[PDB]
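Encoded as structure tokens, the structure appears first; notes follow it.
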Amino acid sequence: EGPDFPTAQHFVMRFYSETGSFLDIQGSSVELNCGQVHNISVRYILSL
Amino acid sequence: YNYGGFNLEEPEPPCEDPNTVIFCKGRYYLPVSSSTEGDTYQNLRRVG
Amino acid sequence: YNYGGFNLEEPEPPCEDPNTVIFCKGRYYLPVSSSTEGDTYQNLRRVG
Amino acid sequence: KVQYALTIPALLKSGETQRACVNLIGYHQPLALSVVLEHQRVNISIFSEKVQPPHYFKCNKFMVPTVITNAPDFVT
Amino acid sequence: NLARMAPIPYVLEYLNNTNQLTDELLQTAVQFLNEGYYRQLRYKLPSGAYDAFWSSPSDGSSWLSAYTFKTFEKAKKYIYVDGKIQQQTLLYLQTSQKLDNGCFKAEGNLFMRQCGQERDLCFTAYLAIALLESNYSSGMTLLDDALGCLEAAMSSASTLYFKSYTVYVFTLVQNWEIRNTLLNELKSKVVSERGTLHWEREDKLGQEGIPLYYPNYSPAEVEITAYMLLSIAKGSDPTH
Amino acid sequence: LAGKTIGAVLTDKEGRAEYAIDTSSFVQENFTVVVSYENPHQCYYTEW
């Protein structure tokens, strides 16, 4: 008695910051080998 | 932070009254919030 | 303005919803207003 | 305006070298600082350094004296 | 209930050192202190605080909190109690000490206040003296800032009975030069009575008025007499 | 204003007291102010 096609819902919560300036990481599904400098990436915003 | 059952957390600061009204730009303004929201306090207290 | 069975008043503009939530700088705010106040619209309509 | 950042684990591990770090910024002139741990008997001197113009974020070593029991204490 | 139960361990140690005592009294004391142990502990905040009311966000009553502290500490030498709860109690109370120059700030709002006229220095010293008798050594910076705020308050001002408390404060640590420095005045304030000497509280304020409610004449003079007893009960070296 | 005494004004020798009440930083809505004469000396005796 399910839906007539593949479907999936996600429920998520919001963050807070009084002035608005945001930090996130680009998540990686990868193991990082020893002794090899890695350059994982971070994105941001910043408010006036 | 409850480590060995040891609290170690600061008490939660005092609350704000829900009835005082505010004006900044348009109509008059009353505070409201979610019960569960995300901040630096919640992004920590996970690492600890 | 209601003189000799003649109204001459123009209709009121549309109303606002009682649930739109707007944040500006700090807390999170909902509309509120008082019926019994004064505008330049009521400043006039007293002289004519 | 002066501001600072104290970075310390809440769960100290006995008998081994650990790290604690700080992130002063905002000041202009030379200052002084003093980082202490409250052992139930002794004070400790993790940081007690003079401060020279802004942008100081420094992380450093120390040793935990052994204790037979888990015990909450203070850092200052 | 905590107030009424507190004196029994003391009358118990009185029974012992007076050496008039019996085992049935001892065990009745044990069971009474047992229900004392069990009965009020249940009103402990997760913060470790204690309050006369029964709402967790409500807090305070630090006086009664330290009262619990010291009472259970005294009971410890005659029965087992957790010390983890004691340390969490310390954790709760030290929140009140977050004053550098101001050392500690007192807050009084309960069903019956104390003989003090609401000056945080007095109850600060009360907290300190409760602290000092503990199962710990000098390495408690509470001792440090307490004594600092003391020496600040000492040469400047204050009333007689605060100074009296500070007397025994310095006696127990045996900082025995200020102890004489103030014991001189202490002794000087004596009063002579029939074949007797003792101290009577100064009664500058008259009868109770709109703000004046608690006539703390006799209990305060009694406590001062007792604290003098204790302080002179131990001279630095000599007792003749 | 509401329950706080702010005037404490002496008259102009013929009972014509005037007072300049601050209005900045007020978002209040009812604001029934009241004025009073307190003096425990006059031949005046509570009647009605």
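Lettering and numbering for the structure tokens are positional, with chains as A, B, ... in the shown order, residues counted from 1 in each chain, and ligands counted from 1 in the shown order.
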
| said: Quick one: residues within 10 Å of region 30-32 of chain B, only C-alpha atoms, excluding same-chain residues fewer than 2 positions away - as a list in words? | reply: residues 16, 17, 18, 19, 20, 21, 22, 23, 28, 34 and 35 of chain B; 21, 22, 23, 26, 27, 28, 29, 30, 31 and 32 of chain C

| request: Please report as a PyMOL selection string which residues of chain F come no farther than 12 Å from chain C, using only C-alpha atoms. | output: chain F and resi 27-30

| message | Please compute the CA of residue 202 (chain E)-CA of residue 167 (chain E) distance, one decimal, in Å. | response |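 Interatomic distance, CA of residue 202 (chain E) to CA of residue 167 (chain E): 18.6 Å.
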
| message | I want to know what sits within 12 Å of residue 33 (chain D), based on only C-alpha atoms, with residues of the same chain fewer than 5 positions away left out; could you give that as a PyMOL selection string? | response | chain D and resi 4+22-24+45-52+56+76

Convert the current residue selection to file output with C-alpha atoms, as a PDB file, in the first residue's frame.
```
ATOM      1  CA  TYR D   4      39.787  35.930  23.071  1.00  0.00           C
ATOM      2  CA  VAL D  22      44.016  30.572  22.701  1.00  0.00           C
ATOM      3  CA  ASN D  23      43.037  33.183  20.104  1.00  0.00           C
ATOM      4  CA  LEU D  24      43.440  36.726  21.448  1.00  0.00           C
ATOM      5  CA  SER D  45      51.246  27.853  34.295  1.00  0.00           C
ATOM      6  CA  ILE D  46      50.284  26.678  30.807  1.00  0.00           C
ATOM      7  CA  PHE D  47      50.457  30.221  29.445  1.00  0.00           C
ATOM      8  CA  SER D  48      51.885  33.215  31.304  1.00  0.00           C
ATOM      9  CA  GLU D  49      53.233  35.235  28.399  1.00  0.00           C
ATOM     10  CA  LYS D  50      53.651  38.889  27.511  1.00  0.00           C
ATOM     11  CA  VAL D  51      51.550  40.044  24.575  1.00  0.00           C
ATOM     12  CA  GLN D  52      52.875  42.148  21.692  1.00  0.00           C
ATOM     13  CA  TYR D  56      47.816  36.032  18.839  1.00  0.00           C
ATOM     14  CA  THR D  76      41.605  30.089  34.550  1.00  0.00           C
TER      15      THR D  76
END
```

| said: Can you pull out the residues contacting residue 46 (chain A)? Cut-off 8 Å, using only C-alpha atoms, and skip same-chain residues under 2 positions away; I want them as a PyMOL selection string. | reply: chain A and resi 20-22+44+48

| task | May I have the residues within 10 Å of residue 131 (chain E) as a list in words, using only C-alpha atoms and disregarding those fewer than 2 positions away in the same chain? | result |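 Everything that qualifies: residues 66, 69, 70, 90, 125, 126, 127, 128, 129, 133, 134, 135, 136, 140, 142 and 143 of chain E.
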
Compile a residue-level contact table for chain E against chain D at a cut-off of 9 Å, reporting for every qualifying residue the shortest atom pair and its distance in Å to one decimal, with only C-alpha atoms counted, rows ordered by chain and ascending number, as a tab-separated table.
```
residue	atom	partner	partner_atom	distance
E:84	CA	D:71	CA	8.6
E:87	CA	D:72	CA	7.8
E:88	CA	D:72	CA	8.6
E:91	CA	D:72	CA	8.7
E:136	CA	D:40	CA	7.5
E:137	CA	D:41	CA	6.4
E:138	CA	D:41	CA	6.2
E:139	CA	D:41	CA	3.4
E:140	CA	D:40	CA	6.0
E:141	CA	D:38	CA	7.3
```

Could you save those same residues with N, CA and C atoms as a compact mmCIF listing (two decimals), in the first residue's frame?
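Printed below is again_0.txt as written:
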```txt
# COMPACT_ATOMS: atom_id res chain seq x y z
N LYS E 84 30.74 12.78 44.94
CA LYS E 84 30.43 13.31 43.62
C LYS E 84 29.34 14.36 43.69
N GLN E 87 30.79 17.47 45.03
CA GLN E 87 31.60 18.23 44.09
C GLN E 87 30.72 18.95 43.08
N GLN E 88 29.63 18.31 42.65
CA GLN E 88 28.68 19.01 41.79
C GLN E 88 28.02 20.17 42.52
N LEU E 91 30.27 22.81 42.23
CA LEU E 91 30.16 23.33 40.88
C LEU E 91 29.03 24.34 40.79
N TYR E 136 39.59 18.81 51.99
CA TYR E 136 40.47 19.28 50.93
C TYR E 136 41.53 20.18 51.53
N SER E 137 42.61 20.37 50.78
CA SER E 137 43.75 21.15 51.23
C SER E 137 43.70 22.56 50.65
N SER E 138 44.78 23.32 50.84
CA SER E 138 44.80 24.73 50.48
C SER E 138 44.64 24.97 48.99
N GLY E 139 44.87 23.95 48.16
CA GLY E 139 44.80 24.14 46.72
C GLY E 139 43.39 24.28 46.19
N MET E 140 42.61 25.15 46.81
CA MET E 140 41.26 25.45 46.35
C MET E 140 41.21 26.96 46.18
N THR E 141 41.33 27.43 44.93
CA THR E 141 41.42 28.87 44.68
C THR E 141 40.26 29.63 45.28
```

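Between residue 3 (chain F) and the candidates F:45, F:34, F:25, F:20, the tightest atom-to-atom separation, counting only C-alpha atoms, involves F:34.
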
Taking only C-alpha atoms into account, produce a table as JSON lines in which each residue of chain A with an atom at most 12 Å from an atom of chain C appears once, together with its shortest atom pair and the distance in Å to one decimal, ordered by chain and rising number.
```
{"residue": "A:16", "atom": "CA", "partner": "C:27", "partner_atom": "CA", "distance": 10.8}
{"residue": "A:17", "atom": "CA", "partner": "C:26", "partner_atom": "CA", "distance": 9.3}
{"residue": "A:18", "atom": "CA", "partner": "C:26", "partner_atom": "CA", "distance": 6.0}
{"residue": "A:19", "atom": "CA", "partner": "C:25", "partner_atom": "CA", "distance": 6.8}
{"residue": "A:20", "atom": "CA", "partner": "C:25", "partner_atom": "CA", "distance": 9.4}
{"residue": "A:47", "atom": "CA", "partner": "C:25", "partner_atom": "CA", "distance": 11.4}
{"residue": "A:48", "atom": "CA", "partner": "C:25", "partner_atom": "CA", "distance": 11.4}
```

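When only C-alpha atoms are used to compute distances to chain B, the closest of the residues D:10, D:59, D:67, D:1 turns out to be D:10.
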
| request: For CA of residue 34 (chain D) and CA of residue 121 (chain E), quote the distance in Å rounded to one decimal. | output: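 Between CA of residue 34 (chain D) and CA of residue 121 (chain E) the gap works out to 27.2 Å.
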
When DSSP works through the backbone of this structure, what residues of region 71-164 of chain E end up as helix (DSSP H, G or I), shown as a compact mmCIF listing (two decimals) with C-alpha atoms, in the first residue's frame?
```txt
# COMPACT_ATOMS: atom_id res chain seq x y z
CA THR E 71 25.61 19.27 57.05
CA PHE E 72 26.14 16.22 54.87
CA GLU E 73 29.90 16.74 55.16
CA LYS E 74 29.63 16.55 58.94
CA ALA E 75 27.40 13.49 58.66
CA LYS E 76 30.01 11.86 56.42
CA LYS E 84 30.43 13.31 43.62
CA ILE E 85 27.21 15.06 44.61
CA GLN E 86 29.29 17.23 46.92
CA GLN E 87 31.60 18.23 44.09
CA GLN E 88 28.68 19.01 41.79
CA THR E 89 27.30 21.13 44.61
CA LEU E 90 30.62 22.95 44.62
CA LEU E 91 30.16 23.33 40.88
CA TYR E 92 26.75 24.93 41.33
CA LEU E 93 27.85 27.29 44.08
CA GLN E 94 31.05 28.51 42.45
CA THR E 95 28.82 30.14 39.85
CA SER E 96 28.14 32.73 42.56
CA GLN E 97 31.83 33.65 42.90
CA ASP E 120 27.48 40.05 50.69
CA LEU E 121 30.80 40.22 52.53
CA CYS E 122 29.26 38.61 55.62
CA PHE E 123 27.71 35.65 53.85
CA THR E 124 30.83 35.41 51.72
CA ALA E 125 32.75 34.76 54.92
CA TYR E 126 30.03 32.31 55.95
CA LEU E 127 30.56 30.41 52.72
CA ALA E 128 34.30 30.51 53.30
CA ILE E 129 34.09 29.12 56.82
CA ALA E 130 31.77 26.38 55.65
CA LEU E 131 34.35 25.66 52.96
CA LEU E 132 37.38 25.56 55.20
CA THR E 141 41.42 28.87 44.68
CA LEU E 142 38.16 29.54 46.47
CA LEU E 143 40.48 29.86 49.46
CA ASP E 144 42.65 32.19 47.39
CA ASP E 145 40.07 34.73 46.26
CA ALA E 146 38.19 34.40 49.55
CA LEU E 147 41.25 35.47 51.51
CA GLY E 148 41.99 38.19 48.97
CA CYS E 149 38.53 39.69 49.34
CA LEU E 150 38.97 39.32 53.10
CA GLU E 151 42.27 41.19 53.33
CA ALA E 152 40.68 43.82 51.11
CA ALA E 153 37.77 44.22 53.53
CA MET E 154 39.85 43.92 56.69
CA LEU E 160 31.93 43.79 64.53
CA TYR E 161 30.51 40.33 63.93
CA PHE E 162 31.96 39.97 60.44
CA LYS E 163 35.35 40.67 61.98
CA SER E 164 34.49 38.09 64.64
```

Closest atom pairs, chain B residues within 10 Å of chain E, only C-alpha atoms, as a tab-separated table:
```
residue	atom	partner	partner_atom	distance
B:4	CA	E:84	CA	9.7
B:5	CA	E:84	CA	9.1
B:6	CA	E:88	CA	7.2
B:7	CA	E:47	CA	6.8
B:8	CA	E:91	CA	7.7
B:9	CA	E:47	CA	8.5
B:10	CA	E:95	CA	8.6
B:11	CA	E:47	CA	7.9
B:12	CA	E:57	CA	8.8
B:14	CA	E:57	CA	9.3
```

| task | Using only C-alpha atoms, determine which residues of chain B fall within 8 Å of chain D; present them as a VMD selection string. | result | chain B and resid 1 3 6 48

Selection to disk with C-alpha atoms, as a CSV table (one decimal), in the first residue's frame:
```
chain,number,residue,atom,x,y,z
B,1,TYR,CA,29.4,17.2,28.8
B,3,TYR,CA,30.9,13.0,31.7
B,6,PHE,CA,29.2,15.3,35.7
B,48,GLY,CA,32.4,19.0,23.7
```

| field | One-decimal distance in Å that lies between CA of residue 2 (chain D) and CA of residue 27 (chain D) | value |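 A separation of 5.0 Å between them.
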